[PDB]
Structure formats: structure tokens, C-alpha cells
Amino acid sequence: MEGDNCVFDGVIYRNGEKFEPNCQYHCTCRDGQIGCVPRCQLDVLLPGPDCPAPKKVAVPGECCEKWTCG
């Protein structure tokens, strides 16, 4: 219904209210339904001549994962 609040992970969020469940996502409650957008770059990196196995890995003191060559 229009104007409804939302429940996410045991927390009530009001209609139109915004929150961050972690540093990687931004979420909005809209009439009882939560939608979220990523804050990181969900980009793509293909195997390269010196980087046969690109892999995204957590990095100290950074929210978003970064590309490495495994």
C-alpha cells in the first residue's frame, strides 16, 4: 500500500527513509518495499598478459574491493 513503512533485518524504516546496511549499499524504503543501489564500481577486468586470473579482493581501510592479479 501507499505510504507503508518497511522492515529490513529487524529494523523498521519509514516510507521515503534512506539507510546503509553496510558501506557498499544505499537503500530506500518506498511504500513497503526496499530498493538499494551499489556504491562501489561493479566493473569487469578480463585476463591480461601479465594478469591471467584477475580477482577482486578486500583492501585494508577501503570499503570497496580492488582488482589484483592472482
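Residues numbered from 1 in each chain as written, not as in the entry; some residues may be left out. Heavy atoms only, no water.

(A) Focus on the domain arrangement of the protein chain. By domain assignment, the protein chain separates into domain 1 (6-38) and domain 2 (41-70). With centres defined by C-alpha atoms, the gap from domain 1 to domain 2 works out at 28 Å. Across the contact, four residues belong to domain 1 and four residues belong to domain 2. For the pair domain 1 and domain 2, the two sides together bury roughly 270 Å², of which 65% comes from carbon and sulfur. It is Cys23, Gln24 and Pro38 in domain 1 that bury the most area against domain 2; as a group they hold 91% of the surface buried on that side. On inspection of domain 1 and its partner domain 2, the count reaches zero salt bridges. Joining domain 1 to domain 2, the criterion identifies two residue pairs in polar contact. Taken together, the residues of the side of domain 1 that touches domain 2 sort by class into three nonpolar, one polar and no charged. (Domains from an automatic or database assignment. Contact = heavy atoms within 4.5 Å. Buried area = accessible area lost by both parts, 1.4 Å probe. Salt bridge = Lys/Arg side-chain N within 4 Å of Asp/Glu carboxyl O. Polar contact = N/O pair within 3.5 Å; in protein donor to acceptor, adjacent residues only side chain to side chain. Nonpolar A, V, L, I, M, F, W, Y, C, P; charged D, E, K, R; others polar.)

(B) The arrangement of the nonpolar core in detail. Core analysis: the largest hydrophobic core is formed by five residues, namely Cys6, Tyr13, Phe19, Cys27 and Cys29. Those residues in contact with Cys27 that lie beyond four places of it in its chain are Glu17, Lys18, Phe19, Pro21, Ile34, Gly35 and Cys36. (Core = buried A, V, L, I, M, F, W, Y, C linked by side-chain atoms within 4.5 Å. Buried < 20%, exposed > 50% of the residue type's maximum accessible area, 1.4 Å probe, protein only.)

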